[PDB]
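Descriptive structure summary
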Amino acid sequence: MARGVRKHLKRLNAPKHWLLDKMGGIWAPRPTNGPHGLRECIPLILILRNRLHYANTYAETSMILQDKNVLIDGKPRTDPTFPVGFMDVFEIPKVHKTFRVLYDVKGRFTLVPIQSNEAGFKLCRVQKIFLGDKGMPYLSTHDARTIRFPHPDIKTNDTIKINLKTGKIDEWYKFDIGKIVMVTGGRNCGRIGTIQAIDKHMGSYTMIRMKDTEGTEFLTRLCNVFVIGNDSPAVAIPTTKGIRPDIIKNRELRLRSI
Amino acid sequence: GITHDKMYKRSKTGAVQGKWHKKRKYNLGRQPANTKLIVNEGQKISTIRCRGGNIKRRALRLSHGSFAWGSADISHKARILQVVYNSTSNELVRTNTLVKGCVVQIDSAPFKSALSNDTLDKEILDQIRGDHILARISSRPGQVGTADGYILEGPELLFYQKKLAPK
Amino acid sequence: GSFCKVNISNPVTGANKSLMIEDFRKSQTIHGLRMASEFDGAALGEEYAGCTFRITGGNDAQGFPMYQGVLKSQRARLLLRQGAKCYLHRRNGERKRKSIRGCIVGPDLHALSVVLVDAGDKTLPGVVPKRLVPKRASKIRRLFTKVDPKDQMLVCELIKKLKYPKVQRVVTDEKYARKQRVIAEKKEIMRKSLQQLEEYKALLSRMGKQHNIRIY
RNA sequence: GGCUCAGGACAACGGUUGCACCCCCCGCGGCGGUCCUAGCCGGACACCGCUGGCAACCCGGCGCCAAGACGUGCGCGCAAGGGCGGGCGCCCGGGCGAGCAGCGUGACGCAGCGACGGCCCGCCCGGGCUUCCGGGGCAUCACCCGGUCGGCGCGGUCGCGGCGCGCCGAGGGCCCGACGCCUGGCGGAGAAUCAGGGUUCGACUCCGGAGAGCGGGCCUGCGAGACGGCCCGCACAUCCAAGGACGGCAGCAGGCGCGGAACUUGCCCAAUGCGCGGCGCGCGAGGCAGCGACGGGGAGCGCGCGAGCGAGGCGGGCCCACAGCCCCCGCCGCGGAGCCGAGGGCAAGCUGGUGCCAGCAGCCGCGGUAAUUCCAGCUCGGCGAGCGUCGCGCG
Ligand SMILES: [Mg+2]
Ligand SMILES: [Mg+2]
Ligand SMILES: [Mg+2]
Ligand SMILES: [Mg+2]
Ligand SMILES: [Mg+2]
Ligand SMILES: [Mg+2]
Ligand SMILES: [Mg+2]
Ligand SMILES: [Mg+2]
């Protein structure tokens, strides 16, 4: 038993959906605690170095970040291991590039470019309502943020729109049958569909049945069902509309691209 | 040192398990406070640095406490005279050692100074016109550094009166 | 060997001197005396007669220092805590066991630390110079409370480059402005929170609330 | 972080639950009201100067000075704990499957924050315990346990709990193998073997556990019962100007012993990461090189009646933290095959010796004058930069 917390991370023990080469090295970056957890995040350096390719080493990324060249939800971050998560705003003014971090059908993080009109807010999932000091009602979300004095009409598992400049709630979408959702965990990450059924078991998990646009049906637990509007998405989504092709069609697409 | 780990016990079949590691600091214990009634000397309370930087205070000597008469909603700070009954053992009584559940006699002055003029339970009033009132301890000295309680009421009062009357 | 180097220090003028002793019989009166004990200078009548001295320390023939409350003529071992004397720690909670000479004086010593508390009118080879200047505002204000200007002098000392300690505990515009801004911010925060509570309470007219009522 | 696998056989460990019995640094987001000189408070130590002890290790006394150090503390009531506050067969908001949270009110107590403003809350990683299932062999071990099983009460603990103590009762486990003994016993993800079903192993790359000569104890700190931290006993070991002082390679190299068996006392943070930190430092983690027939993969000692190409050497590039190496460009140009066998199993036979001797032979067997089997020469066969012998596992 280790006598304290863990600070390192072996490369082979890192999450698969990070797509890290086996021979890159013994070690992988260890994300620091923040808005998102280890298994539902991706470090900034990976995006800035292994994807966009604006840097070729750790040091270059360190200089870029300490020179204030990236804003996360309107706030400059200088930590190369800062965790980036789902429905986050990634803006680089020096090149006028703005991206929203979402999931691809394969189950990995992707950068969807956005516009100026929709980059002043983000969507958050409310999963906990509790009373704080002095009995004051509170409310928490998936990105580690708390808001005091929420509307009584807002319940758990709902979705909340908040302005980036000011953490004030505008409108909220209820968790109900007939609402477009997006799956954010498990075997079905990145799929988009509409809720058709809700079944609860006393003392255990609650299972949600969803149907895709094409008629396919799939199941997942409520812990990773994210509402993204009322029958139509509230934000811009990837070019594909949450359709996972079968191995045959993916092979055809690969051969075509070959 | 003192520990409460279960590795040094026997199994449900009565077998010797065996030992596979040295002692750990999470599983430690400490010597009892043995809080004493006062009856260089004065109220003495110590402080203990517990896991996580948390602070725990154990009382070694004390003489006063807050007591409540629930039926009439009367509460004052009163001086504790001596311990008269304890279910665990009579040795604690002889030594006047304070623990949760001890039955004690308190001074009647703070209560009689305002009582004996309103209709209430006869028995508490008969105690009030005397020098002491039977009471109980509800806090945990050794963990919070205090000795509070409440005044006995009905069937429990009869139980303890019948217990201590022959003595 | 058989001797003792006596070191004398003068705190009033900051002068210190040392001397040599080759005998014990003359110094028997020094035997049995403890640290912080008056010691008449009559032992060394020539040049030190009619002078009162206080014993402050020493070292035994092996080099072991003398501790205070041991009350012994022989050295001994004890567990020394951090921040105590005759022990230089390494970590922040480390203890160490080492030998120390007993406080009581005896022939076994090889050194003596003594100070001069009262003396006669005679001159002795043994003024106090100052190597540094006071740095805090209160000190200098004392030596050239509720002082509005907060200005000061600068003549100091010079060595060519002029070197003066920087003054501390001085308040000017930056500190005054910073404190005022902080106060204003705290007041604004409290007012905003109170307003939010008031409007939330104004809402919920069709439901129940539970909060800690502000007393006083 | 790195090393190792001694100890430990309803344990560790693997999968599956829970804390409505819990603790948690950095970081992210909030919140921020404090009972009874505030143009800025008080006193010290370190470094340093003078005087000194001792072989060494180690320190002593006097003396002016700083703080985002210590203490005190300006302020709209606020920490822990404690008493009272729901129903009438059950079910049909802050929140739950679940009367759980919060609040009011009567008494106690003034904890924390505050001389450049952080007490507190939530999330996150981590930890602690906990449900269910799996979890070595011996019956020339058949009965075992007596805080052992349960109940009441207190204490201690971050916390539940025979965890500890007092009292009460008697229980709990066992051929569906208890208890005891043994193990040249760390576990799993996995490895070897090969129709299908399986057998054996699992020190070592990832995860988890345990330890730092043996056995114990403790301070600091959010976090250690830590050992490149301290204290003691025991077994070893070192220096001594003999009074005293001092140590822990199962970290990287290297050495002794042991064994059938196992490498340089090399260079560097340039890469991957960690710690601190603004234009950077450090890291025997890690990288580079050296030895290296454990082992795996790819070419070759010729083709042809004359031409051509290798290895190798001398130089230039590329690469490299510096250098090699591979690869590319120019001038000269070292062409080298062994180990087993030839009676059968099992593919492959000619003279000379010796004479049941010397020797061969996994088994059958040969050798007492042709020895197709020994020792030699010729010839021939198998694999091939590899071949053969010994032990173990699978078949
Ligand atoms: Mg006050
Ligand atoms: Mg202070
Ligand atoms: Mg073993
Ligand atoms: Mg390991
Ligand atoms: Mg250890
Ligand atoms: Mg230890
Ligand atoms: Mg070591
Ligand atoms: Mg260590």
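Residues numbered from 1 in each chain as written, not as in the entry; some residues may be left out. Chains lettered and ligands numbered in written order. Part of a larger assembly, values for the part shown. Heavy atoms only, no water.

Under the PDB entry, the name given to chain C is 40S ribosomal protein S6, and the source organism is Giardia intestinalis assemblage A. Within the Protein Data Bank, this record goes by the title "40S subunit of the Giardia lamblia 80S ribosome".

Where we set the bar: UniProt positions are given in the numbering used here, feature names are shortened, and annotations may be inferred rather than shown by experiment.
Going by the PDB entry, chain B carries the name 40S ribosomal protein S8 and comes from Giardia intestinalis assemblage A. The UniProt entry for chain B carries the following text under Sequence similarities (unreviewed entry): "Belongs to the eukaryotic ribosomal protein eS8 family."

1. A look at the nonpolar core
One recurring pattern in soluble globular proteins is that nonpolar side chains are buried together. To keep it simple, the criterion reads: Here, the term nonpolar core denotes a set of buried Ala, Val, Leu, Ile, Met, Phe, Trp, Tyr and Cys residues that are joined through side-chain atoms within 4.5 Å. In this scheme, a residue with accessible area under 20% of its type's maximum is buried, one over 50% is exposed, and one in between is partly exposed, where area comes from a 1.4 Å probe on protein chains only. Here a strand is any run of E in DSSP of at least two residues, a helix any run of H or I of at least four, and the numbering for each starts at the N terminus. The split of the chain into domains comes from an automatic or database domain assignment. The contact definition used throughout considers only heavy atoms, calling two residues in contact when any of these lie within 4.5 Å.
Core analysis: the largest hydrophobic core is formed by 33 residues, its most contacted members being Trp-18, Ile-42, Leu-44, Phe-86, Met-87 and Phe-90 of chain A. Counting residues per element, the ones that place at least two in this core are α1 (44–51), β5 (88–92), β6 (97–103), β8 (121–128) and β12 (180–183) of chain A. Per element, the largest residue contribution to this core is five residues, and it comes from α1 of chain A. When residues of this core are assigned to domains, at least three map to each of domain 1 (2–117) and domain 3 (175–244) of chain A. Those residues in contact with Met-87 of chain A, other than ones at most four positions away along the chain, are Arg-100, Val-101, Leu-102, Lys-122, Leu-123, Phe-226, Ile-228 and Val-235 of chain A. In this structure, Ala-59, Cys-102, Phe-111 and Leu-125 of chain B belong to the second largest nonpolar core, which totals 23 residues.

2. A short note on the arrangement of the chains
Ranking the two pairs of chains in contact by contact count places chains A and C at the top. Structurally, chain B and chain C remain out of contact, their C-alpha atoms never closer than 15 Å.

3. Remarks on the interface of chain A and chain C
Rules: Once two parts are put together, the accessible area they lose, assessed with a 1.4 Å probe and summed over both, is termed the buried area. Whenever a carboxyl oxygen of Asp or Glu lies within 4 Å of a side-chain nitrogen of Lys or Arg, that contact is scored as a salt bridge.
Facing the ten residues of chain A at the interface are ten residues of chain C. Contact between chain A and chain C buries roughly 770 Å² in total, counting both sides, with carbon and sulfur atoms accounting for 64%. Among the residues of chain A in contact with chain C, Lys-134, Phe-149 and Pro-152 of chain A are the three that bury the most area, contributing 53% of the side total. At the boundary of chain A with chain C, the tally comes to zero salt bridges.

4. Some words on the UniProt feature "binding site: Mg(2+)" (unreviewed entry) in chain C
All names here are of chain C. The feature "binding site: Mg(2+)" (unreviewed entry), as annotated in UniProt, sits at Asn-92 in this numbering. Mapped onto the elements, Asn-92 comes out in the loop between β5 (76–80) and β6 (96–100). Given the relative accessible area of 68%, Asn-92 is considered exposed.

5. Focus on the sheet that holds strand β7 (residues 109–113) of chain A
Residue and element names in this part refer to chain A. Inclusion rule: Strand pairing is defined by DSSP finding a minimum of two bridges between the two strands.
Within the open sheet, the five strands sit side by side as β3-β2-β5-β6-β7. Their pairing is antiparallel. In the strand order of this sheet, the two ends are held by β3 (75–76) and β7, each with one partner. Alignment of β5 against β6, held across five bridges, turns out to be antiparallel. Residue pairing for β6: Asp-88 is matched across the bridge by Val-101.

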